[PDB]
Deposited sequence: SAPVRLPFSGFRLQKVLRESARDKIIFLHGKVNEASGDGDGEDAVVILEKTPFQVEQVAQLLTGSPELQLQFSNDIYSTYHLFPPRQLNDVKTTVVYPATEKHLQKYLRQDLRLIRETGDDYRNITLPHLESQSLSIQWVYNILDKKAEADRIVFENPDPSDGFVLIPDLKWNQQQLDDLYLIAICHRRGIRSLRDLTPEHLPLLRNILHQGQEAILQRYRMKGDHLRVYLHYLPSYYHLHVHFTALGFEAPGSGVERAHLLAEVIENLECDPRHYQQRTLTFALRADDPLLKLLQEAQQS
């Protein structure tokens, strides 16, 4: 570990449906968050196991149906474990199970209400700039268009353990700073977006033998961090924020800007917000 003597203070989030868990613990005795998530199945290896002598324990049996506790070999018991140390309060509040409400932000709402409250925050995204300057993860990079204006870095998302194509998930992070979200896009960025769309899908083709029509390529709004980035995901993966209330198809973002240059500055956008988020009351009123 990057510390010793972990002691649970609080379960921040726990889902039996996603078999994922977020733990807040005190360490070195500082705050630390450890995320743990049971990994996806590897089909070839489950297949193999099931035609061997697997260690089973019989729960119940009714005619053609039977339930068993299976205890696989080490290979198939991998648990994705991510660690945040030192954890900020932003982290400790961010994961707390809180209820989600839907808001409809107009163009003017954004610039007069959101953007100011955005600027009222100071969140660290040093890890993004680290990827962009080759200060970290440099040799995980899958593809780079190195132009400071129209260029980007294609790289697997931390979420993806890269052990199977079912949950294929890369991000494309643009080199250009100062583009916080969908709200910043204009016809100026059409070349950056096309690069990400086409060069990004071409890289996935050659690297992983995965055709564009197996991918859902989108942007989050609101994003989890405020530096433009595109999500490349397996169409068959229920990826994070691929629901209509958050995901915007890249191809659609391009053709929008082509049809209506002010599109993402003028148009009303719908997204969720946590009820504990002060942005909501600020948007609800004005």
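Against the full deposited sequence, the model leaves out several stretches, namely 1 to 5, 35 to 41, 299 to 301.
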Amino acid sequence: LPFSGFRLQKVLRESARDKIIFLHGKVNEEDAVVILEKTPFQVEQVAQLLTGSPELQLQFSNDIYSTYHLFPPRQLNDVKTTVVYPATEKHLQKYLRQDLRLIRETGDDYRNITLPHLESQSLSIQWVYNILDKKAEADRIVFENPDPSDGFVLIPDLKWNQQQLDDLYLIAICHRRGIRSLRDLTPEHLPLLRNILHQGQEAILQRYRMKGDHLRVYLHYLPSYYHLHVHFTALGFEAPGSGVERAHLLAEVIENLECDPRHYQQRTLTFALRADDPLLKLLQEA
From here on, numbers count along this sequence of modelled residues.
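Take the two forms, superpose them, and find the largest set of C-alpha atoms that agree within 1.5 Å; that set is the rigid core.
Stretch 79 to 87 is the one, of 79 to 87 and 201 to 209, whose CA positions lie farther from the shown form in 5 other deposited structures of this protein once all structures are superposed by the rigid core. Two stretches, 268 to 276 and 6 to 14, are weighed by how far their CA atoms sit from the shown form in 5 other deposited structures of this protein after rigid core superposition; the farther one is 6 to 14. Compared against other deposited entries of this protein, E29 counts as often unmodelled, lacking coordinates in at least a third of those that resolve the residues around it. When the C-alpha B-factors of 93 to 101 and 175 to 183 are averaged, 93 to 101 comes out higher.
Look at the C-alpha B-factors of 60 to 68 and of 238 to 246. On average they run higher in 60 to 68. Residue set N112, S149, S124, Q162: peak C-alpha B-factor at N112 (per PDB entry). Per the deposited record, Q45 carries the highest C-alpha B-factor of all listed residues (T233, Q45, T39, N256). The deposited CA B-factor of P116 belongs to the highest third of values across its chain. Among all modelled residues in this chain, the alpha-carbon of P261 has a temperature factor (C-alpha) in the middle third. Among the modelled residues of the chain, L222 sits in the lowest third by CA temperature factor in this PDB entry.
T88 sits in the highest third of its chain by CA B factor, as recorded in the PDB entry.
For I35, the recorded CA B-factor ranks within the middle third of the chain. Only modelled residues enter the ranking.
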